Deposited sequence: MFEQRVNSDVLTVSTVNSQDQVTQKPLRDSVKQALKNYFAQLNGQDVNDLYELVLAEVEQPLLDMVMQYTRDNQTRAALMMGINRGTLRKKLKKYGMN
């Protein structure tokens, strides 16, 4: 059971749409194919940065609209932006 299927990636082999979770699985599978103790932060960092960049670009940098769209408060959005030196 998965939460949603609205996030899909376009991959040309011609162009096929597959669940984003599949890319995550593949990336992890390749990663394992080579002692890790920070896998969550690793994956989190790889996901939050593009998410923040895309949303901020979409709302034309309006921090409040970006927060509403993301379902988080203004404060939380600000610490995430700063974490990645995006502020």
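Engineer: What are the missing stretches of the deposited sequence, listed from start to end?
Structural biologist: Missing from the model are residues 1 to 4, 18 to 20, 42 to 45.
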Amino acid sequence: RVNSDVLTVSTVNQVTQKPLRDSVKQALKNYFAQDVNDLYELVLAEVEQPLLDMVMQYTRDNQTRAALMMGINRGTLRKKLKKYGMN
From here on, numbers count along this sequence of modelled residues.
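Engineer: Report the stretch with the higher mean CA temperature factor, choosing between 16 to 24 and 65 to 73 on the basis of the entry.
Structural biologist: Per the PDB record, 16 to 24.
Engineer: Would you tell me which stretch averages the higher CA B-factor in the PDB entry, 25 to 33 or 52 to 60?
Structural biologist: It is 25 to 33.
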